[PDB]
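Coordinates in review
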Amino acid sequence: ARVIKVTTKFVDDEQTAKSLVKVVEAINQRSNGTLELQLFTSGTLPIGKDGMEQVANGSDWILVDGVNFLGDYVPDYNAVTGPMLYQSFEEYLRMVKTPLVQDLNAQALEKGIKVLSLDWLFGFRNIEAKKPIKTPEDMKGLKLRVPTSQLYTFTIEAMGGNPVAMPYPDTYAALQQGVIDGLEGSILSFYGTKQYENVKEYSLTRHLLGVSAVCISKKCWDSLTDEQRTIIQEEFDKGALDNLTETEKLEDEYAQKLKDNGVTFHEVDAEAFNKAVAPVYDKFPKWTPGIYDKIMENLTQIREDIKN
Ligand SMILES: O=P(O)(O)OC[C@H](O)CO
Ligand SMILES: [Zn+2]
Ligand SMILES: [Zn+2]
Ligand SMILES: [Zn+2]
Ligand SMILES: [Zn+2]
Ligand SMILES: [Zn+2]
């Protein structure tokens, strides 16, 4: 039986990790004993940059982490996941299916990474701090934790704050010791990881979309049989779907629990933050020329169809 390590940042309480358990269950059983996927959560195995380096280098390894980690190999990914880019899940889910992004998946395959899915949404990310934010002026001074990614660092700097890059498992201690003053993330993350025990003011900037890619090494993928590739693809797709509808169901429920734990939700000057992050799109030289303009062309098209 072929052992494949599935590694992820998500703690056991988070929806993504709950969905991954079902996915591994199903894949292992459908393989009639030929595959043994093993799920490692909470960053117990390498994640982010160290995780993807394993995928890219041919390991028997599936990584479930941000789309931004694909971008260290195929730069255009960070543009497709830009700040204030999407207003809804459906906008992103459709962008992902365009030939523009399917081409990105193939550039990634040149690099040793087989992208199985970009559909593992977990929500729009907001400020989790100790003061309300209405404007970028308010952000001034705050040491805010960001994921280890240029896109997140640049975005938060552009919003007025001082980004401090670290993997999520390091956040709790950083908050306890005063190294950081807050962080950012979606409702499901906020509640799932219980950060409301440390920070009570939640400001709705909706700056980025929290979204995981699911990636397996080209070398392992190619070495499998046809039936095994079918089973793995089908089950991660069914998982993406489970994860998505659970996320849509839980956001409302969780926000109410967050309020019951003394979290106050704050509205933001949307127009201001929008003008504030616009320079982030001019901060990546390795993007293919005109990528923002082509993204916008699809996004505009996608929006028209949604209205109709
Ligand atoms: O995207 P991250 O790195 O901030 O982590 C979000 C997860 O919900 C935390 O386990
Ligand atoms: Zn566990
Ligand atoms: Zn089961
Ligand atoms: Zn749809
Ligand atoms: Zn307020
Ligand atoms: Zn520009």
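We now examine the site of ligand 1. In the neighbourhood of ligand 1, the contacting residues comprise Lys9, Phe10, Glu14, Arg125, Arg145, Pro147, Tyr168, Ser189 and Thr193. A distance of 2.9 Å separates an oxygen atom of ligand 1 from a polar atom in the side chain of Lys9. In this structure, an oxygen atom belonging to ligand 1 sits 2.4 Å away from a side-chain N or O atom of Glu14. The fraction of the free accessible surface of ligand 1 (310 Å²) that becomes covered by protein chains is 94%. In terms of residue class, the shell around ligand 1 is built from three nonpolar, two polar and four charged.

Distances from the zinc ion (ligand 6) to its protein donors, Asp282 (OD) and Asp282 (OD), fall at 2.1 Å. Mapping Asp282 onto the fold places it in the loop between α12 (270–277) and α13 (291–307).

Here the focus is the environment of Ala1. Along the chain, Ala1 turns up in the segment before β1 (2–8). Each C-alpha atom, one on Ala1 and one on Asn28, is 9.6 Å from the other, the two residues being 27 residues apart in sequence. Leaving out residues up to four positions away in the same chain, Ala1 has contacts with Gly33 and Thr34.

On to the UniProt feature "binding site: Zn(2+) 5" (unreviewed entry) in the protein chain, then. UniProt's feature table lists "binding site: Zn(2+) 5" (unreviewed entry) at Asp282, given in the numbering used throughout. In this structure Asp282 comes out as exposed when scored by relative accessible area, which is 72%.

Take the layout of surface pockets next. Computed from the structure, the largest pocket encloses a volume of approximately 520 Å³. Lining the largest pocket are 36 residues, with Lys9, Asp65, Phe69, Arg145 and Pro147 positioned closest to its centre. Counting residues per element, the ones that place at least two in the lining of the largest pocket are α2 (48–56), β3 (61–66), β4 (113–129), α7 (150–158), β7 (183–185) and β8 (201–217). Counting residues per element, the lining of the largest pocket draws most heavily on β8, which supplies four residues. Class assignment for the residues of the lining of the largest pocket results in 18 nonpolar, 10 polar and eight charged. Forming the boundary of the second largest pocket are 13 residues, of which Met84, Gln87, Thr205, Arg206 and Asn274 lie nearest the centre. In terms of residues, the lining of the second largest pocket owes the most to one element, β8, which gives three residues. Across the lining of the second largest pocket, the residue classes tally to seven nonpolar, three polar and three charged.

What counts and what doesn't
Residues numbered from 1 in each chain as written, not as in the entry; some residues may be left out. Chains lettered and ligands numbered in written order. Heavy atoms only, no water. Residues with missing side-chain atoms left out of burial classes, pairs and counts. Near = heavy atom within 4 Å. Polar contact = N/O pair within 3.5 Å; in protein donor to acceptor, adjacent residues only side chain to side chain. Areas by Shrake-Rupley, 256 points an atom, 1.4 Å probe, with all protein chains shown as cover. Nonpolar A, V, L, I, M, F, W, Y, C, P; charged D, E, K, R; others polar. Donors = N, O, S within 2.8 Å, 3.2 Å for Na, K, Ca; no water. Helix = DSSP H or I, 4+ residues; strand = E, 2+ residues; numbered from the N terminus. Contact = heavy atoms within 4.5 Å. UniProt positions renumbered as here; feature names shortened; annotations may be inferred. Buried < 20%, exposed > 50% of the residue type's maximum accessible area, 1.4 Å probe, protein only. 1 Å grid on protein atoms, 1.4 Å probe; cavity = no way out; pocket = protein on both sides within 12 Å on 5 of 7 lines; lining within 4 Å. Points joined across faces, edges and corners; volume = space filled by probe spheres on them.

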